[PDB]
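Close look at the chain arrangement
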Amino acid sequence: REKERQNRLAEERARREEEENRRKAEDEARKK
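The rules we used
Residues numbered from 1 in each chain as written, not as in the entry; some residues may be left out. Part of a larger assembly, values for the part shown. Heavy atoms only, no water. Salt bridge = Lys/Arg side-chain N within 4 Å of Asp/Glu carboxyl O. Helix = DSSP H or I, 4+ residues; strand = E, 2+ residues; numbered from the N terminus. Buried < 20%, exposed > 50% of the residue type's maximum accessible area, 1.4 Å probe, protein only.

Deposited coordinates in this entry are attributed by the record to cryo-EM, at a stated resolution of 5.1 Å.

The title assigned to this entry in its PDB record is "Structure of native murine cardiac thin filament at pCa=5.8 in Ca2+-bound partially activated state (upper strand)".

With that out of the way, let us pick up the pattern of salt bridges. This model, assessed by the stated rule, comprises 7 salt bridges. The residue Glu2 makes a salt bridge to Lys3 at a minimum N-O spacing of 3.1 Å. Between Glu26 and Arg22 there is a salt bridge; the shortest N-O distance is 3.2 Å. Taken together, the residues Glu26 and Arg22, both in helix α1 (residues 2-31) and 4 residues apart, mark about one turn of the helix. You can call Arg22 partly exposed: its relative accessible area is 46%.

With respect to the secondary-structure elements, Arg30 resides in helix α1. When the C-alpha positions of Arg30 and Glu12 are compared, they lie 27 Å apart, and in sequence the two are 18 residues distant.

Printed below as a string of structure tokens:
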């Protein structure tokens, strides 16, 4: 159960991270 929880939280973190990455990408694109 602990590993399930930790992995779920970890994928949530990674998904938020890729959200911010594509976000900064589209920001730079607007700068272009």
